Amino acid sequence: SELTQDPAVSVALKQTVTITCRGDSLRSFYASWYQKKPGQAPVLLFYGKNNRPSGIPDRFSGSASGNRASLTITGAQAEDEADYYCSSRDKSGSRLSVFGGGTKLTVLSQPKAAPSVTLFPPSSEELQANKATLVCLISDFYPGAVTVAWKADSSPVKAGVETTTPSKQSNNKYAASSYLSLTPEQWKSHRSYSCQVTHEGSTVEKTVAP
């Protein structure tokens, strides 16, 4: 994880957005930038000091300062909605390459919208099968990017978590789901578990108890 990017950003049409990767190796190297849409190959947008491949619209420009490499879209358009990845050396003297974690860019078509969250506890039936799954369902949010944190009592839980990528529902708004797998003893031994959804820096937390 030597190149770090925010997982999500949004931009309004015609506005300027900068997506930034941070890494120690970027003090010494330029970074290249890639656009990735679902179902499509990544495309190289910019590399080096100032190189933009033919075919790439000139509103994409790459810059660098300190340990940050930046892709600026001056005047975002709807077709710019995409995941954006940077890539560079992991370190000086390395023959290896690395990518940043990716930034999902939403090009707003709408005012942003907060999520609705419903947390279901394990069913008694699943506990009877010696299993326990908490199901955290998240709906109606825009942009379609959320961060999910689970807690046992007040302590963060990272093991046993699976979370789907947001996808549009039949009503054109986004939904996601997250799952926390526990043993029945883990479920019954705590006072509560919680599913906390962060969206646009605001949070909704649902709690259940055995």
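Counting begins at 1, following the sequence as shown.
Q: Highest mean C-alpha temperature factor of the two stretches 21 to 29 and 184 to 192, which is it?
A: In the deposited entry, the stretch with the higher C-alpha B-factor mean is 184 to 192.
Q: So which stretch wins on mean C-alpha B-factor, 103 to 111 or 81 to 89?
A: Taking the mean B-factor of the alpha carbons in each, 103 to 111 is higher.
Q: Whose C-alpha has the highest temperature factor in the PDB entry: 175, 149, 44, 152?
A: When the deposited C-alpha B-factors of 175, 149, 44, 152 are compared, 152 is largest.
Q: Given 72, 116, 97, 123, identify the residue with the highest C-alpha B factor in the PDB entry.
A: It is 116.
Q: Split into thirds by Cα B-factor across the chain's modelled residues, where does residue 144 land: lowest, middle or highest?
A: Lowest third of the chain for residue 144's C-alpha B-factor.
Q: Can you tell me whether residue 15 has a C-alpha B-factor in the lowest, middle or highest third compared with the other modelled residues of the same chain?
A: According to the entry, residue 15 has a C-alpha B-factor in the chain's highest third.
Q: Can you work out whether the C-alpha temperature factor of residue 164 puts it in the lowest, middle or highest third of the chain?
A: Its C-alpha B-factor, which the entry lists for residue 164, ranks in the lowest third among residues of this chain.
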